[PDB]
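J.: My questions will all concern the structure given below.
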Amino acid sequence: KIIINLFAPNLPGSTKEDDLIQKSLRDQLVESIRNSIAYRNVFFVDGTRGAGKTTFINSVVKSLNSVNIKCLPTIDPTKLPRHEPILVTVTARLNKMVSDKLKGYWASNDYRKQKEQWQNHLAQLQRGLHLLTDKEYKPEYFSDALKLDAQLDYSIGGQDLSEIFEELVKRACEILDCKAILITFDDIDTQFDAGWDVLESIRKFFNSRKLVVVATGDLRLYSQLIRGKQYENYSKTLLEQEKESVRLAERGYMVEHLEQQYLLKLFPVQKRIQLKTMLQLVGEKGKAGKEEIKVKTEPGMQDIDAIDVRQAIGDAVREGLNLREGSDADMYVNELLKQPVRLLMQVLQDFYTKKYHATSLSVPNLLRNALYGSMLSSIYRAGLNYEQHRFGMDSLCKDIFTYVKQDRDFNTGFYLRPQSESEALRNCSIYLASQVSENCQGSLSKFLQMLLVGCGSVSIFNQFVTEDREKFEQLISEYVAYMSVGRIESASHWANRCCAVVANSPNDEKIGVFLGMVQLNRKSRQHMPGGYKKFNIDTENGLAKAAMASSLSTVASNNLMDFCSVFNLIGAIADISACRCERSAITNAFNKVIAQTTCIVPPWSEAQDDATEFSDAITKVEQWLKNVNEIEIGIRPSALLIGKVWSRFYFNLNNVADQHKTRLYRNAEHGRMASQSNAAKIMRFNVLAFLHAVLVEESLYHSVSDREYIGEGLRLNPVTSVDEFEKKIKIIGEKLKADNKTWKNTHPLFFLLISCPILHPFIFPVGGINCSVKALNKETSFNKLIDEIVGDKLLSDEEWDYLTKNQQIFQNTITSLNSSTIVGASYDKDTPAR
Amino acid sequence: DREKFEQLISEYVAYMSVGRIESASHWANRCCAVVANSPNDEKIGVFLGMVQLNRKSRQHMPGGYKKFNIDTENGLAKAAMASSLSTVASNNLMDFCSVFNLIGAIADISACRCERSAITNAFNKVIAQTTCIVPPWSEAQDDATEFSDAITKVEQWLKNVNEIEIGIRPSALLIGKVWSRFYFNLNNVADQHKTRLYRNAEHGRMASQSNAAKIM
Amino acid sequence: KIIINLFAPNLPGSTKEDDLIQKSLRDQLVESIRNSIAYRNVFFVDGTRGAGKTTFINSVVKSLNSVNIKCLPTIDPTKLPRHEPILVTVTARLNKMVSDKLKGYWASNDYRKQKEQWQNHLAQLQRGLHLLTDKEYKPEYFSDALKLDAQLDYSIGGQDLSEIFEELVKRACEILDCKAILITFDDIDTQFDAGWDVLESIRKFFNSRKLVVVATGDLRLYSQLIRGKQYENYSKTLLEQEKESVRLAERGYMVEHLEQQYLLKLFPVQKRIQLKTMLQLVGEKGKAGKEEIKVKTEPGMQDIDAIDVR
């Protein structure tokens with residue numbers, strides 16, 4: 001039972017016996033040292049850099065001084081002169097107390113003998129010490145060497161101070177009547193240039209069984225030190241001559257075995273003791289740990305209700321990062337606890353103390369601050385914007401794009417999962433994930449941007465870009481230069497830019513159809529039968545032309561080549577929710593790509609009254625937006641939440657890129673069957689994908705729901721109908737009516753995504769409705785449920801007959817988009833009927 | 001140039017996401033794309049132990065072959081198919097019904113073994129939630145009540161296997177050969193059954209024919 | 001209401017109380033330091049380079065010159081000879097602040113007793129520090145370096161400044177009748193090469209519970225300094241021998257771990273306060289600024305005639 005209070009000073013020296021993290025690890029060496037002196041006596045303590053290292057040395061020295069051992073108070077070579085040998089450091093410390101003991105006798109019988117014996121020993125030390133501190137061996141020092149000191153009858157000849165040192169230790173044993181003398185060297189991790197002298201002093205003079213030595217540090221730096229010091233034993237002329245592949249390997253093998261032998265002779269394995277981080281002490285998800293340690297976050301509450309570190313980390317991250325209780329949130333706790341002990345300690349206390357200060361609210365901001373300063377060293381390697389004035393949406397997507405650059409992954413790259421092979425990149429991900437939940441919290445327009453640039457730009461950069469390893473980085477610089485990724489720009493400009501990117505890849509039989517792309521003819525081809533004709537914009541009605549303007553894009557290549565990029569619908573719905581007032585976002589989003597947007601091919605390519613009626617469409621789109629203010633707050637998006645929804649949408653995007661690609665038919669007018677394909681029906685399946693994309697996985701990662709409304713079974717995408725999708729809606733229907741949960745709060749994005757008047761005309765194209773006996777059964781249920789959700793009736797009464805049976809004035813349906821043609825099919829195969 | 005030996009090394013540890021912890025079936029999801037990146041000869045729809053369903057409507061089909069429905073079977077078959085389904089999304093989306101997902105689905109079930117969520121959630125991420133993007137080096141009775149019967153039999157088996165799995169002391173050399181033995185074993189159906197498909201494979205009776213069910 | 005004259009000098013020493021940029025952050029820091037003194041006590045103010053850094057430090061010294069915390073005149077390694085150490089300066093800067101008070105007594109009975117305490121302790125520090133004064137450490141110091149003493153509560157023997165200087169800081173507190181000692185720094189972004197000795201002195205001889213130290217600057221420059229120095233720990237041949245990509249990544253990762261832990265243990269996370277940029281003060285175009293900041297644009301315009309800075 002170990003109790004931790006976060007409002008304690010948290011000093012390295014404030015960790016008392018009660019707060020000692022490793023209670024058993026402190027005493028595990030005590031049994032050895034008591035038995036070691038009783039029967040190379042080099043003790044080492046292993047621990048992660050800055051992970052309970054300080055609390056270990058302080059706890060051990062207090063325990064021993066509390067069998068009789070004088071523990072020399074800790075001496076740290078880092079905070080010591082570099083030139084001064086460590087033998088000088090220890091001898092000064094030993095001489096201190098032993099002659100301190102000889103202060104009050106004042107010519108006692110033992111005093112004169114004991115003081116003389118220690119002073120004589122120091123004479124041998126000093127007369128041998130200068131030999132250690134010699135630039136070169138001078139002849140006058142051989143006079144000391146030739147003249148053998150006839151005192152104390154040492155065995156090893158000459159002025160070797162190795163044997164001279166131990167008779168000093170036994171003198172401190174005699175004067176201070178202690179069975180052993182303990183020395184506790186501190187870390188040399190910060191500066192081991194003078195620590196090399198520490199290692200040599202250990203292996204050269206500390207040989208007597210009566211002195212026990214304790215050292216600390218991390219094995220990796222000592223391994224690098226020895227290899228660096230063993231390399232110095234190689235002459236530079238040799239290291240600069242033999243540049244053979246074998247010669248380097250044989251020398252490489254040599255130094256590798258040098259450090260293994262040196263360490264295994266320096267630090268015996270059985271004497272080595274390693275430090276247990278709390279992750280081991282808490283163990284796996286549910287497995288009971290060796291010891292339980294709790295942290296308290298408030299001074300008002302007692303220690304009775306102490307909560308686990310796994311719970312405290314779990315509670316903080318869960319709603320701090322807006323993560324639902326699940327696999328993703330429970331596995332973030334593992335990542336935090338495997339950091340250095342102090343680092344995760346400093347992060348958690350920083351948030352909890354700031355939580356206490358803030359309460360006296362943008363919760364993700366508070367947790368962002370805790371991880372920002374503590375975990376800032378990884379930012380510079382990752383190139384993240386450490387400046388606090390650039391925390392925008394355009395820069396963050398660039399940083400998300402930048403995070404992908406160092407990870408070289410695109411499937412799991414945009415999930416922002418902090419599990420990369422590099423800890424620095426792994427750490428960079430969580431802060432990047434944390435930043436997403438901060439700026440995008442309580443927003444829907446910014447959510448749609450992350451679908452395009454936050455998670456769609458990385459997706460499109462994989463399929464329609466990559467189609468010499470340094471070329472990968474070279475095209476990246478081309479992408480940041482020409483494509484202007486991360487530069488602030490309208491999603492309409494991005495969509496037309498993205499439309500060109502998707503249009504780069506050509507398809508078979510030269511048909512202009514791609515993933516979510518729809519082609520409109522620009523040339524008046526000869527011998528053109530039927531109602532199919534060149535694309536025209538004036539014929540659409542008020543809402544239709546405005547909706548068409550929300551899905552219109554034109555490239556500026558050598559030949560003008562029109563398209564119906566679906567990303568414009570995403571772009572039109574993204575920027576529209578940023579303002580939601582003043583009737584301003586309409587005035588520029590509908591007309592920016594057609595006229596005042598510059599769209600070109602990439603360098604790597606190788607190519608009535610008009611005003612009055614149109615006012616109703618302008619007013620109608622924004623009237624519903626009177627409620628978004630109170631509903632958009634309820635969204636608490638996370639990086640995984642944005643990543644998960646887009647990944648499914650891209651799966652739902654290409655449902656028509658191939659299945660309705662070759663199925664182009666001459667009689668596709670008023671397409672009644674799933675086999676029949678036209679531009680209107682193709683876009684219907686795409687617009688149905690956008691509304692339904694978030695549906696399935698939003699119930700899985702949203703904190704307001706602890707259950708699943710989708711159900712158990714198989715879930716596919718709407719490909720040629722909504723037979724699957726409508727059944728899922730009805731399943732939710734009995735799972736939203738049984739519970740007293742309105743669909744305007746439990747699924748706010750779903751509530752506020754399908755009610756948009758921008759996409760309303762596209763949903764039921766007159767030429768794109770599946771009029772068949774098997775499909776229309778589910779179509780009626782689909783349309784009755786959806787019109788129930790929007791509240792006010794969407795479609796009028798007359799259009800039901802015309803839509804289901806087969807140029808009436810409709811203001812809620814795209815009309816002429818079916819007449820627009822696709823070039824290259826030639827319509828050779830007619831519609832098969834069976 | 002031999003940097004390619006290291007650029008292939010560097011790229012694979014990124015795309016495959018080795019060392020990136022996830023569900024076991026998810027580990028095979030990118031494996032499906034790596035399997036499916038190479039189209040075979042004659043575009044014959046048989047791969048290394050992988051089922052390649054048809055979603056298009058080819059004209060004038062005799063026999064009994066058509067689109068395979070998804071809402072007319074039982075939960076037992078639905079549960080196995082959900083645990084035996086893979087998804088990859090290209091310019092031409094190609095739904096899959098791989099076998100490795102069955103090994104992947106059962107893997108995490110033995111771990112969680114409780115909370116009545118892994119038996120429900122581990123099955124369904126691949127079908128819609130887990131979408132594998134094209135690799136960079138390319139050139140492209142109630143609905144849910146019936147599931148209780150499958151759960152009850154699975155729960156009894158889970159009770160059995162949790163108290164039996166305590167005496168397992170495997171070896172890597174054995175396991176390495178176990179996968180290898182599994183590795184060569186799937187190669188037979190991939191190659192030999194490539195030309196074994198025939199027009200009269202309607203519920204075929206002989207090993208000479210190879211229908212969609214025979215391959216799996 | 002915050003009004004600042006543009007024709008005014010606007011120098012860091014001329015910033016008036018009403019003309020100060022971050023009106024809430026200084027007192028938040030003053031609350032923090034006084035909160036810590038109740039029970040490493042190292043404070044760092046991460047400010048934007050050339051953006052209200054020294055003037056914010058001047059705000060702290062003015063605030064605490066009004067428990068009681070003595071405020072040292074602010075020091076800076078930049079405005080000093082390059083070879084000059086840092087501990088020698090803080091002792092010099094502390095000595096003048098104890099010599100001015102004692103000379104005020106002018107030979108009193110208490111004055112003699114207190115000054116006897118000071119001269120006794122300084123002589124103790126002179127020998128231990130004298131090794132750092134000269135580049136080469138002569139062997140004669142080792143015979144002179146060793147000296148038996150149980151007084152002053154010597155933590156470790158020989159001559160070490162960790163426990164000597166703590167008592168020196170302590171003796172100031174009884175004499176100056178203050179419960180804390182404050183050392184304030186200035187920008188080292190001008191020349192951060194010499195800032196290493198400040199970082200070493202602050203981690204070696206600034207550890208008492210009764211001392212508070214305030215620094216500033218751009219923390220990325222500290223990372224640039226720390227990262228470069230940590231590479232010096234590796235021998236020259238060690239870098240030359242290991243040239244392959246895995247070894248540069250091995251040292252690439254390891255030095256990141258060193259500076260990461262070093263920065264946290266030197267400057268605590270809860271002790272870092274950022275100086276807000278003018279964009280953060282004004283907020284968004286439609287947002288409401290945290291503090292109303294104006295400009296005294298004309299010599300003859302009225303104070304209430306000040307228009308928004310945007």
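Every chain in the structure tokens takes a letter, A first, then B, and so on in the order presented; its residues are numbered from 1, and the ligands are numbered from 1 following the presented order.
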Taking the chain letters and numbering used in this document, name the residues of segment 36-167 of chain B that DSSP puts in strand (DSSP E), as a PyMOL selection string.
T.: chain B and resi 86-88+94-96
J.: Would you list which chain C residues are within 8 Å of chain A using only C-alpha atoms, as a PyMOL selection string?
T.: chain C and resi 36+39-40+132+136-137+139+142-143+145-150+155-158+160+204+223+230+233-235+237-238+241+253+256-262+264-265+269-270+272+277+279-280
J.: Quick one: write out the picked residues with C-alpha atoms as a compact mmCIF listing (two decimals), in the first residue's frame?
T.:
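Printed below is again.txt as written:
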```
# COMPACT_ATOMS: atom_id res chain seq x y z
CA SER C 36 6.07 27.02 -3.81
CA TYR C 39 6.65 23.90 1.34
CA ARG C 40 13.69 22.31 -7.19
CA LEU C 132 37.13 26.20 -10.65
CA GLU C 136 44.37 23.27 -14.54
CA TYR C 137 43.82 21.56 -11.18
CA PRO C 139 48.07 18.33 -7.30
CA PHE C 142 44.48 17.70 -3.15
CA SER C 143 46.66 17.99 -0.04
CA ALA C 145 41.54 20.25 -0.75
CA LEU C 146 41.20 17.61 2.04
CA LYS C 147 40.20 19.11 5.45
CA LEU C 148 38.44 17.49 8.44
CA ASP C 149 35.26 19.35 9.44
CA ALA C 150 32.00 18.15 11.00
CA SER C 155 27.12 16.25 3.29
CA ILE C 156 30.28 14.89 1.63
CA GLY C 157 33.89 15.51 2.52
CA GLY C 158 36.75 17.25 0.78
CA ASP C 160 32.38 20.65 -2.29
CA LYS C 204 24.59 21.91 -9.34
CA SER C 223 17.46 22.13 -26.86
CA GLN C 230 25.42 15.83 -25.47
CA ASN C 233 29.99 13.03 -24.79
CA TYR C 234 30.56 10.59 -27.65
CA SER C 235 34.21 10.26 -28.65
CA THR C 237 36.23 8.13 -33.29
CA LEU C 238 32.87 6.76 -32.11
CA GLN C 241 33.41 4.48 -36.81
CA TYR C 253 17.08 8.49 -30.72
CA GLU C 256 16.63 12.84 -27.87
CA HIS C 257 16.00 10.79 -24.73
CA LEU C 258 18.84 12.56 -22.91
CA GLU C 259 17.68 16.11 -23.67
CA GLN C 260 14.05 15.18 -23.00
CA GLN C 261 14.73 13.95 -19.47
CA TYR C 262 17.31 16.69 -18.85
CA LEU C 264 12.12 18.11 -17.51
CA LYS C 265 14.42 17.61 -14.52
CA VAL C 269 6.72 21.55 -16.69
CA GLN C 270 4.42 23.22 -14.15
CA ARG C 272 6.92 27.09 -17.47
CA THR C 277 1.83 36.68 -28.73
CA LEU C 279 -2.36 37.58 -31.94
CA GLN C 280 -3.36 35.67 -28.79
```
J.: Do you have, as JSON lines, the list of residues of chain A lying at most 6 Å from chain B, each with its nearest atom pair and that distance in Å to one decimal, counting only C-alpha atoms and ordered by chain then number?
T.:
```
{"residue": "A:408", "atom": "CA", "partner": "B:14", "partner_atom": "CA", "distance": 5.7}
{"residue": "A:409", "atom": "CA", "partner": "B:14", "partner_atom": "CA", "distance": 5.3}
{"residue": "A:411", "atom": "CA", "partner": "B:133", "partner_atom": "CA", "distance": 5.9}
{"residue": "A:419", "atom": "CA", "partner": "B:20", "partner_atom": "CA", "distance": 5.7}
{"residue": "A:462", "atom": "CA", "partner": "B:136", "partner_atom": "CA", "distance": 5.5}
{"residue": "A:463", "atom": "CA", "partner": "B:134", "partner_atom": "CA", "distance": 6.0}
{"residue": "A:466", "atom": "CA", "partner": "B:136", "partner_atom": "CA", "distance": 5.4}
{"residue": "A:467", "atom": "CA", "partner": "B:139", "partner_atom": "CA", "distance": 5.4}
{"residue": "A:515", "atom": "CA", "partner": "B:91", "partner_atom": "CA", "distance": 5.6}
{"residue": "A:647", "atom": "CA", "partner": "B:131", "partner_atom": "CA", "distance": 5.8}
{"residue": "A:648", "atom": "CA", "partner": "B:129", "partner_atom": "CA", "distance": 5.3}
{"residue": "A:651", "atom": "CA", "partner": "B:89", "partner_atom": "CA", "distance": 5.4}
{"residue": "A:658", "atom": "CA", "partner": "B:92", "partner_atom": "CA", "distance": 5.0}
{"residue": "A:659", "atom": "CA", "partner": "B:56", "partner_atom": "CA", "distance": 5.9}
{"residue": "A:716", "atom": "CA", "partner": "B:128", "partner_atom": "CA", "distance": 5.9}
```
J.: Atom CA of residue 472 of chain A and atom CA of residue 484 of chain A are how many Å apart?
T.: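 Computing the Euclidean distance for atom CA of residue 472 of chain A and atom CA of residue 484 of chain A yields 17.0 Å.
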J.: Between atom CA of residue 518 of chain A and atom CA of residue 553 of chain A, what distance in Å does the model show, to one decimal?
T.: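 That distance, rounded to one decimal, is 10.3 Å.
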J.: So which bits of segment 679-755 of chain A end up alpha helix (DSSP H) when you DSSP the backbone, as a ChimeraX atom specification?
T.: /A:679-693,695-698,723-737,743-746,748-753
J.: Which residues are close to residue 326 of chain A, i.e. within 12 Å by only C-alpha atoms, leaving aside same-chain residues fewer than 6 positions away? Reply as a ChimeraX atom specification.
T.: /A:285,314,318,332-333,640,699-703,705-708 /B:115,117-118,121-122
J.: How would the residues just chosen look if you wrote them out with N, CA, C and O atoms as a PDB file, in the first residue's frame?
T.:
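So out_8.pdb came out as:
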```pdb
ATOM      1  N   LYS A 285      -4.118  -5.431 -18.698  1.00  0.00           N
ATOM      2  CA  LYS A 285      -5.384  -4.718 -18.563  1.00  0.00           C
ATOM      3  C   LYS A 285      -6.101  -5.084 -17.267  1.00  0.00           C
ATOM      4  O   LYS A 285      -6.616  -4.205 -16.566  1.00  0.00           O
ATOM      5  N   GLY A 314      -6.557   6.660 -17.055  1.00  0.00           N
ATOM      6  CA  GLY A 314      -7.737   6.343 -17.842  1.00  0.00           C
ATOM      7  C   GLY A 314      -8.807   7.415 -17.759  1.00  0.00           C
ATOM      8  O   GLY A 314      -9.374   7.815 -18.776  1.00  0.00           O
ATOM      9  N   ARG A 318      -9.636   9.764 -21.033  1.00  0.00           N
ATOM     10  CA  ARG A 318     -10.910   9.363 -21.629  1.00  0.00           C
ATOM     11  C   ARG A 318     -11.721  10.571 -22.086  1.00  0.00           C
ATOM     12  O   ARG A 318     -11.969  10.751 -23.284  1.00  0.00           O
ATOM     13  N   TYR A 332      -4.393   3.502 -24.949  1.00  0.00           N
ATOM     14  CA  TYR A 332      -3.609   4.709 -24.716  1.00  0.00           C
ATOM     15  C   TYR A 332      -2.949   4.679 -23.346  1.00  0.00           C
ATOM     16  O   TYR A 332      -1.823   5.165 -23.187  1.00  0.00           O
ATOM     17  N   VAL A 333      -3.633   4.111 -22.350  1.00  0.00           N
ATOM     18  CA  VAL A 333      -3.081   4.029 -21.000  1.00  0.00           C
ATOM     19  C   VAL A 333      -1.775   3.245 -21.008  1.00  0.00           C
ATOM     20  O   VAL A 333      -0.823   3.586 -20.294  1.00  0.00           O
ATOM     21  N   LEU A 640      -8.949   9.598 -33.708  1.00  0.00           N
ATOM     22  CA  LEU A 640      -9.405   8.304 -34.202  1.00  0.00           C
ATOM     23  C   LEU A 640     -10.810   8.402 -34.783  1.00  0.00           C
ATOM     24  O   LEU A 640     -11.116   7.759 -35.793  1.00  0.00           O
ATOM     25  N   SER A 699     -21.507   5.600 -33.560  1.00  0.00           N
ATOM     26  CA  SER A 699     -22.044   4.982 -32.354  1.00  0.00           C
ATOM     27  C   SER A 699     -21.010   4.155 -31.605  1.00  0.00           C
ATOM     28  O   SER A 699     -21.268   3.762 -30.462  1.00  0.00           O
ATOM     29  N   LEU A 700     -19.857   3.882 -32.214  1.00  0.00           N
ATOM     30  CA  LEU A 700     -18.841   3.020 -31.626  1.00  0.00           C
ATOM     31  C   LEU A 700     -17.800   3.781 -30.816  1.00  0.00           C
ATOM     32  O   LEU A 700     -17.199   3.207 -29.903  1.00  0.00           O
ATOM     33  N   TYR A 701     -17.562   5.055 -31.127  1.00  0.00           N
ATOM     34  CA  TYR A 701     -16.504   5.824 -30.482  1.00  0.00           C
ATOM     35  C   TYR A 701     -16.998   7.133 -29.875  1.00  0.00           C
ATOM     36  O   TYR A 701     -16.184   8.032 -29.634  1.00  0.00           O
ATOM     37  N   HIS A 702     -18.296   7.270 -29.622  1.00  0.00           N
ATOM     38  CA  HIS A 702     -18.844   8.483 -29.032  1.00  0.00           C
ATOM     39  C   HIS A 702     -19.200   8.231 -27.574  1.00  0.00           C
ATOM     40  O   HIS A 702     -19.894   7.263 -27.250  1.00  0.00           O
ATOM     41  N   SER A 703     -18.727   9.118 -26.694  1.00  0.00           N
ATOM     42  CA  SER A 703     -18.831   8.887 -25.258  1.00  0.00           C
ATOM     43  C   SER A 703     -20.267   8.891 -24.750  1.00  0.00           C
ATOM     44  O   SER A 703     -20.533   8.311 -23.693  1.00  0.00           O
ATOM     45  N   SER A 705     -22.712   7.284 -25.844  1.00  0.00           N
ATOM     46  CA  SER A 705     -23.263   5.945 -25.975  1.00  0.00           C
ATOM     47  C   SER A 705     -22.266   4.912 -25.471  1.00  0.00           C
ATOM     48  O   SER A 705     -21.120   4.864 -25.929  1.00  0.00           O
ATOM     49  N   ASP A 706     -22.710   4.086 -24.526  1.00  0.00           N
ATOM     50  CA  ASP A 706     -21.941   2.947 -24.047  1.00  0.00           C
ATOM     51  C   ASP A 706     -22.328   1.656 -24.757  1.00  0.00           C
ATOM     52  O   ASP A 706     -21.817   0.587 -24.406  1.00  0.00           O
ATOM     53  N   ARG A 707     -23.217   1.735 -25.746  1.00  0.00           N
ATOM     54  CA  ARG A 707     -23.700   0.567 -26.469  1.00  0.00           C
ATOM     55  C   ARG A 707     -23.499   0.750 -27.967  1.00  0.00           C
ATOM     56  O   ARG A 707     -22.836   1.698 -28.398  1.00  0.00           O
ATOM     57  N   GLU A 708     -24.062  -0.152 -28.767  1.00  0.00           N
ATOM     58  CA  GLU A 708     -24.004  -0.062 -30.221  1.00  0.00           C
ATOM     59  C   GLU A 708     -25.426  -0.053 -30.768  1.00  0.00           C
ATOM     60  O   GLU A 708     -26.214  -0.963 -30.484  1.00  0.00           O
TER      61      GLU A 708
ATOM     62  N   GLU B 115     -16.903 -10.176 -21.008  1.00  0.00           N
ATOM     63  CA  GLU B 115     -17.515  -8.863 -21.202  1.00  0.00           C
ATOM     64  C   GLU B 115     -18.534  -8.835 -22.337  1.00  0.00           C
ATOM     65  O   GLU B 115     -19.150  -7.785 -22.563  1.00  0.00           O
ATOM     66  N   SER B 117     -18.473  -8.473 -25.390  1.00  0.00           N
ATOM     67  CA  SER B 117     -18.249  -7.485 -26.436  1.00  0.00           C
ATOM     68  C   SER B 117     -17.272  -7.946 -27.504  1.00  0.00           C
ATOM     69  O   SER B 117     -17.481  -7.647 -28.681  1.00  0.00           O
ATOM     70  N   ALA B 118     -16.213  -8.666 -27.122  1.00  0.00           N
ATOM     71  CA  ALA B 118     -15.302  -9.223 -28.115  1.00  0.00           C
ATOM     72  C   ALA B 118     -16.011 -10.241 -28.997  1.00  0.00           C
ATOM     73  O   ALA B 118     -15.708 -10.361 -30.190  1.00  0.00           O
ATOM     74  N   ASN B 121     -17.888  -7.452 -31.144  1.00  0.00           N
ATOM     75  CA  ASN B 121     -17.197  -6.353 -31.802  1.00  0.00           C
ATOM     76  C   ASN B 121     -16.000  -6.807 -32.630  1.00  0.00           C
ATOM     77  O   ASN B 121     -15.713  -6.192 -33.664  1.00  0.00           O
ATOM     78  N   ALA B 122     -15.309  -7.875 -32.220  1.00  0.00           N
ATOM     79  CA  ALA B 122     -14.128  -8.317 -32.957  1.00  0.00           C
ATOM     80  C   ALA B 122     -14.476  -8.758 -34.372  1.00  0.00           C
ATOM     81  O   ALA B 122     -13.646  -8.636 -35.281  1.00  0.00           O
TER      82      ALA B 122
END
```
J.: Within 7 Å of segment 97-107 of chain B, counting only C-alpha atoms, which residues qualify if same-chain residues fewer than 3 places away don't, as JSON, numbers by chain?
T.: {"B": [24, 25, 28, 49, 50, 51, 52, 83, 84, 85, 86, 110, 122, 123]}
J.: Let's have the selection written as an mmCIF file, in the first residue's frame, with C-alpha atoms.
T.:
```cif
data_model
loop_
_atom_site.group_PDB
_atom_site.id
_atom_site.type_symbol
_atom_site.label_atom_id
_atom_site.label_comp_id
_atom_site.auth_asym_id
_atom_site.auth_seq_id
_atom_site.Cartn_x
_atom_site.Cartn_y
_atom_site.Cartn_z
ATOM 1 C CA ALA B 24 -5.283 -10.111 -35.526
ATOM 2 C CA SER B 25 -7.694 -10.051 -38.477
ATOM 3 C CA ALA B 28 -4.225 -9.893 -42.385
ATOM 4 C CA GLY B 49 -6.305 -19.206 -50.065
ATOM 5 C CA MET B 50 -8.613 -16.266 -50.723
ATOM 6 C CA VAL B 51 -12.230 -15.961 -51.884
ATOM 7 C CA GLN B 52 -13.002 -13.320 -54.528
ATOM 8 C CA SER B 83 -15.152 -13.599 -39.433
ATOM 9 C CA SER B 84 -14.175 -14.742 -42.963
ATOM 10 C CA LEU B 85 -14.468 -11.471 -44.892
ATOM 11 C CA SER B 86 -11.853 -8.985 -46.101
ATOM 12 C CA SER B 110 -9.368 -16.297 -26.434
ATOM 13 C CA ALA B 122 -14.128 -8.317 -32.957
ATOM 14 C CA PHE B 123 -16.082 -9.739 -35.904
#
```
J.: Have a look at atom CA of residue 80 of chain C and atom CA of residue 224 of chain C and let me know their distance in Å, one decimal.
T.: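 About the pair atom CA of residue 80 of chain C and atom CA of residue 224 of chain C: they are 21.9 Å apart.
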J.: Which neighbours of residue 185 of chain C fall inside 6 Å, counting only C-alpha atoms, when residues of the same chain fewer than 6 positions from it are skipped, and could you give them as a list in words?
T.: residues 74, 75, 76 and 215 of chain C
J.: Pull N, CA, C and O atoms from the residues just selected and write them as a PDB file, in the first residue's frame.
T.:
```
ATOM      1  N   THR C  74      18.835  41.855 -11.602  1.00  0.00           N
ATOM      2  CA  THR C  74      18.800  40.809 -12.614  1.00  0.00           C
ATOM      3  C   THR C  74      20.155  40.681 -13.297  1.00  0.00           C
ATOM      4  O   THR C  74      20.787  41.682 -13.649  1.00  0.00           O
ATOM      5  N   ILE C  75      20.602  39.439 -13.482  1.00  0.00           N
ATOM      6  CA  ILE C  75      21.916  39.148 -14.034  1.00  0.00           C
ATOM      7  C   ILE C  75      21.748  38.452 -15.378  1.00  0.00           C
ATOM      8  O   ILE C  75      20.677  37.943 -15.718  1.00  0.00           O
ATOM      9  N   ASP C  76      22.835  38.438 -16.148  1.00  0.00           N
ATOM     10  CA  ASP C  76      22.834  37.846 -17.479  1.00  0.00           C
ATOM     11  C   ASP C  76      24.252  37.455 -17.875  1.00  0.00           C
ATOM     12  O   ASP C  76      25.161  38.295 -17.836  1.00  0.00           O
ATOM     13  N   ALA C 215      14.501  32.050 -14.874  1.00  0.00           N
ATOM     14  CA  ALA C 215      15.201  32.213 -16.141  1.00  0.00           C
ATOM     15  C   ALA C 215      14.186  32.524 -17.236  1.00  0.00           C
ATOM     16  O   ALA C 215      12.982  32.632 -16.987  1.00  0.00           O
TER      17      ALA C 215
END
```
J.: Residues within 8 Å of segment 85-93 of chain C, please, as a list in words. Count only C-alpha atoms; anything in the same chain fewer than 5 positions from it doesn't count.
T.: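 What passes the distance filter is residues 72, 73, 77, 197, 198, 201 and 205 of chain C.
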J.: Excluding residue 44 of chain C and any residue of its chain fewer than 5 positions from it, enumerate the residues within 12 Å of it, using only C-alpha atoms, and give them as a count of residues only.
T.: 35
